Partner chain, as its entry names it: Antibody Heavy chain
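A single chain comes next, written as C-alpha cells; it is the form deposited without its partner chain.
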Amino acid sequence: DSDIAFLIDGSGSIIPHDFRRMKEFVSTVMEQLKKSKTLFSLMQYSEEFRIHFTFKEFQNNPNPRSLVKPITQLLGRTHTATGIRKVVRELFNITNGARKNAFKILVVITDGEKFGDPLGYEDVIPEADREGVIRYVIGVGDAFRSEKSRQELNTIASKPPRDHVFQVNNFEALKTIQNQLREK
C-alpha cells in the first residue's frame, strides 16, 4: 500500500562520513519497514540527478544492501527544490513502478543548505502537497546548528514539521517514523 521514495543529498558539502551515514540510514529503513506491500525508490541529487532504483526495480530486487551499496557520491551543488519536483513527477510515475491508490512518502536527506538551485521551495511544495506526498526530513551534518538550515528542514517537511524532522544520528527516528506510518 506504500511507495516510499528517498531523495538523498550528494552535493559536495556533504562530507564522505555523512554520505555513508545517509546510505546506512536508507538501508536500515528499507530493512525495517520491509512490509510485503511496500516498495522503495531512490534518487540522489546535487546539480545533477541520479535515479539509483525505481519502485519497479526494487520490486524486482528487494535487497536493500544490494541496491544501496553501489551508490557513489555525485558531488557538486545542491538543487534540493528541483530534486523534490523531479521526485514527485519522476519517482512517483507509474512508468517507474509507482502504484495508483498507494500512499506516497518522501524521505529527504540533506544538510539543509540548498545552493545554486533556480527553484525555491515555494515553487515545489504546493505541487508535492497536491499529489499527496508525505514528507519526512533527515538532517545530516550541521543541519540543526544554524537558523537557516533548521528552517530549511522545516520548510520541506510536512506539517507539523517538528513531527516530521529528525536528526540522522537519532537512531530512534526509524521506529518513531514506523509508528507514524500506522497513522497515514
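Numbering follows the first chain given and starts at 1.
Looking at mean Cα B-factors across 53 to 61 and 133 to 141, the upper value is held by 53 to 61.
Looking at mean Cα B-factors across 161 to 169 and 6 to 14, the upper value is held by 161 to 169. Of all the options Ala102, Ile84, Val107, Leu75, the entry's greatest CA B-factor is assigned to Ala102. Set against one another, the Cα B-factors of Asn154, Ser46, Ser27, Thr38 in the record reach their highest point at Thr38. Compared with the other modelled residues of the chain, the Cα B-factor recorded for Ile125 ranks in the middle third.
Per the deposited record, the Cα B-factor of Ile94 falls in the middle third when ranked against the other modelled residues of its chain. The deposited CA B-factor of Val68 belongs to the highest third of values across its chain.
For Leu42, the recorded CA B-factor ranks within the lowest third of the chain. Only modelled residues enter the ranking.
We do not show the form solved in complex with its partner chain, though everything after this point is about it.
Taking non-hydrogen atoms only, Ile94 never approaches its partner chain to within 4.5 angstroms in the entry with it bound. The closest non-hydrogen atom of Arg77 lies within 4.5 Å of its partner chain in the entry with it bound. A residue is said to contact a partner when one of its heavy atoms sits within 4.5 Å of a partner heavy atom; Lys56 fails this definition for its partner chain in the entry with it bound, lying far away. Though the partner is left out of this view, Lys35 does not reach within 4.5 Å of its partner chain in the entry with it bound, counting heavy atoms only. The Cα-Cα distance between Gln73 and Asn170 is shortened by 3 Å or more in the entry with it bound relative to the form shown here. Compared with the form shown here, the Cα atoms of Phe171 and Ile109 move at least 3 Å closer together in the entry with it bound.
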